[PDB]
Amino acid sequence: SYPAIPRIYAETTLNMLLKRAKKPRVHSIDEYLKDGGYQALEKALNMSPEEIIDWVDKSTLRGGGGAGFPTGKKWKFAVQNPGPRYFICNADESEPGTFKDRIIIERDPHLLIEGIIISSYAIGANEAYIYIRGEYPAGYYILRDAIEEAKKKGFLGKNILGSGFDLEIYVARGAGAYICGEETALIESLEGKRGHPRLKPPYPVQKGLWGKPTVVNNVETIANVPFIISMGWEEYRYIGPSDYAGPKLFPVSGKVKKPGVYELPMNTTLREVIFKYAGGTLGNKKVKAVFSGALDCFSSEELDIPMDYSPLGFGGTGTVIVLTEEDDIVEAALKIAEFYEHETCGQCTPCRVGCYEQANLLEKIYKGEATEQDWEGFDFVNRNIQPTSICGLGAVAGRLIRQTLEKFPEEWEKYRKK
């Protein structure tokens, strides 16, 4: 018995990551095994760690956590440093609009576990962590139970399947901070401290948990690994466009008919995501904007872009929040400002005061209480959150809002007169 969870809709054209997770329930080890589960693990343990790294590299797999970094390359960087090494599954998923990782965790936990074991073996880590956000309690209990199932079937512990490889997976819980998804803050949290990002370099792959080489990978990234081993890298790379190959999860929300998670190839366009897969808009209203989480704002003129990690592609985590013609962009922008206000960790001065002032002033603007100085100040602070920032949050806290100022000037002007 687990806590109640809403039954998020899930749909796939590829039947890989969502092969089981398209059905909204826990799939336990027996169902997983019936689908040929843990056979990729068995094949992996008959390969050298170095061969596994090579396969993941050649697959073109990129991280699903936002930065799109080539996963094989990350692993290679870690293993060039002396052991011991650590492997961390980032299940902090707290960016607005983003709910792709939880359906893997909650419905097909063994897919994730199998990926963690193969990955840990690949980089020579004997201890792995899942850091799951505190607001996913069901995920936490489901993962603990799945780990025990795996122990019982001999997929975890010492000398796994007679290979000589030892692994324990520890499940840690967050406690309400979005910044703990940032890889260095996540590590600080795992060490029992406040989630404060660290100055990089060094990067975790060189000095991470307890100062040792550490690979941090997102849930979705890791869930690809069993497929790469099972199919082989060459067959995986046949999926979708050859430069951005394999499945991608797209969490779609807001004013669409069928909000939920879609498993699609990355040559899919944003227009197709909204209109072909997600069933179009509520009431068939015109699309006004798409927010890529709390990161970017695309206009209705930018819907024909690929959902890949190219320069002109959508990128990020594939998070798609749809606003239609009657939605107030300034009200929306305020919500984004409020998010960053609540999540800055405060270490860096322009980020600390800038995220606060951005939300404070924008609220005044929205409520029609802003002076001329508040207007000029809002503009200034929006452009000055980034300086001296040591992590991605400070770098992006002004970005979406700046884009709404550029793309929807007429809506902002209505508030200025107000």
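Start at 1 with the first residue shown and count on from there.
Just going by the entry, 215-223 versus 294-302 on mean CA temperature factor gives the higher value to 294-302. Checked against the record, the higher mean CA B factor of 406-414 and 6-14 lies with 406-414. Residue set 233, 339, 277, 136: peak C-alpha B-factor at 233 (per PDB entry). The PDB entry assigns the greatest CA B-factor among 391, 370, 353, 359 to 370. Ranked by C-alpha B-factor against the other modelled residues of its chain, residue 166 falls in the highest third. In the PDB entry, a CA B factor belonging to the highest third of its chain's modelled residues is recorded for residue 286. Sorting the modelled residues of the chain by their CA temperature factor places residue 255 in the middle third.
The PDB entry assigns residue 67 a C-alpha temperature factor belonging to the middle third of its chain's modelled residues. Per-chain ranking of the deposited C-alpha B factor places residue 59 in the highest third.
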